[PDB]
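All ligand and atom numbering here is 1-based and tracks the order in the structure. We name chains A, B, ... by the order of the sequence lines, and we start the count at 1 in each one. Worth knowing before you read on, the calculation uses all heavy atoms, side chains too, and leaves out hydrogens, waters and symmetry mates.
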2 protein chains.
Amino acid sequence: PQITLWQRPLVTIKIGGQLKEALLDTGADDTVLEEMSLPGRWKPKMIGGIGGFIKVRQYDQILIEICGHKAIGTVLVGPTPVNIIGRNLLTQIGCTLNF
Amino acid sequence: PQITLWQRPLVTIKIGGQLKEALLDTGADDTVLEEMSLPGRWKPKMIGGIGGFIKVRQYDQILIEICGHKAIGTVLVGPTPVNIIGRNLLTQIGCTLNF
Ligand SMILES: CC(C)[C@H](NC(=O)OCc1ccccc1)C(=O)N[C@@H](Cc1ccccc1)P(=O)(O)[C@H](Cc1ccccc1)NC(=O)[C@@H](NC(=O)OCc1ccccc1)C(C)C
């Protein structure tokens with residue numbers, strides 16, 4: 001699609017058997033999701049944004065279908081008030097910003 | 001411009017007599033720029049991101065020439081590490097997410 005930004009760029013994602021809406025984000029290097037029960041081993045890692053830093057669980061090689069497009073990447077899980085799809089996955093579904 | 005996301009989407013902006021480089025961000029509702037010198041009255045505002053809540057000086061009606069396109073809007077100035085061009089100006093330069 002072509003998503004104008006008059007409203008938050010939200011899309012449906014399917015990850016670990018669950019359905020969630022996530023923000024398409026060019027200002028996020030990483031994908032960070034709300035806490036869910038995602039199966040597997042996870043290294044600790046910490047990220048920053050405004051306000052500070054949060055501790056997240058790094059899950060790597062997770063498959064996630066963003067708008068029907070599938071991708072596999074690292075997904076950080078942690079206390080975030082919105083789920084975020086960052087550039088590490090946005091490049092796999094072929095996403096470009098245009099103006 | 002068509003901008004792929006392998007690299008951070010940074011574009012140059014000319015704001016208040018000064019040259020800056022900022023992040024084109026579809027995950028920011030607002031525009032938040034590094035603490036800088038800008039003329040005007042401001043009102044305190046507070047924004048939230050991950051990790052927490054920063055207090056910022058809110059400015060309305062500031063002209064920003066983003067990637068050599070002009071636009072006028074509210075600009076927040078405060079303790080960020082990267083300047084962000086959020087959706088309140090991204091829609092003025094006509095920007096779209098495309099996949
Ligand atoms: C999502 C994270 C993976 C991403 N962080 C990240 O990429 O870290 C890079 C970094 C940081 C520090 C040092 C070194 C490197 C991140 O925090 N990105 C924000 C922009 C940014 C900040 C710091 C460094 C680089 C870039 P963002 O993607 O624009 C973030 C997305 C988001 C997170 C949480 C909640 C909502 C939305 N927006 C924001 O934080 C804006 N907040 C915002 O739009 O919503 C207000 C809100 C909504 C809901 C609840 C509470 C508050 C803010 C710029 C005003």
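- Residue contacts with ligand 1: B:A28 is included, with a non-hydrogen atom under 4.0 Å away.
- In this structure, A:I84 has a heavy atom closer than 4.0 Å to ligand 1.
- In this structure, atom 30 (C) of ligand 1 has a protein heavy-atom contact shorter than 4.0 Å.
- The closest side-chain heavy-atom distance from B:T31 to B:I64 is below 4.5 Å.
- Protein heavy atom at the shortest distance from atom 37 (C) of ligand 1 is B:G27 O, 3.8 Å.
- For the pair A:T74 and A:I62, the minimum side-chain heavy-atom distance is 4.5 Å or more.
- Counting heavy atoms from C-beta on, the side chains of B:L76 and B:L33 never come closer than 4.5 Å.
- Looking at atom 43 (C) of ligand 1, its nearest protein heavy atom turns out to be B:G48 O, 3.6 Å.
- Counting protein heavy atoms only, atom 34 (C) of ligand 1 is closest to B:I50 CG2, 3.5 Å.
- Distances from atom 13 (C) of ligand 1 to the protein include no heavy-atom value under 4.0 Å.
- Nearest to atom 25 (C) of ligand 1 among the protein's heavy atoms is B:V82 CG2, 3.7 Å.
- For the atom pair A:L23 CG and B:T26 OG1, the distance stands at 6.5 Å (nearest 0.5 Å).
- Annotation: side chain of B:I3 is in contact with side chain of B:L24 (closest heavy-atom distance under 4.5 Å).
- For ligand 1, the polar-atom distance check against B:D25 finds a nitrogen or oxygen pair separated by under 3.5 Å.
- Side-chain contact between A:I66 and A:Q92 is absent, with no heavy atoms from C-beta onward closer than 4.5 Å.
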_As a quick check of understanding, evaluate side-chain contact (heavy atoms from CB on, under 4.5 Å) for A:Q58 and A:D60, giving each step before the final call._
CA-CA 6 Å; A:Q58 277 225 13; A:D60 309 89; 2.7 Å; yes
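- In terms of protein heavy-atom proximity, atom 23 (C) of ligand 1 is nearest to A:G49 CA, 3.7 Å.
- Nearest protein heavy-atom neighbour of atom 35 (C) of ligand 1: A:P81 CG, 3.4 Å.
- With salt bridges taken as basic N to acidic carboxylate O contacts below 4.0 Å, one links B:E35 and B:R57.
- Nearest to atom 55 (C) of ligand 1 among the protein's heavy atoms is B:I47 CD1, 3.7 Å.
- At least one heavy atom of B:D29 sits closer than 4.0 Å to an atom of ligand 1.
- Not one N or O of A:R8 is nearer than 3.5 Å to an N or O of ligand 1, by distance alone.
- The hydrophobic clustering, which links ILVMFWY residues whose side-chain heavy atoms are closer than 4.5 Å, places A:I84 and B:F99 apart.
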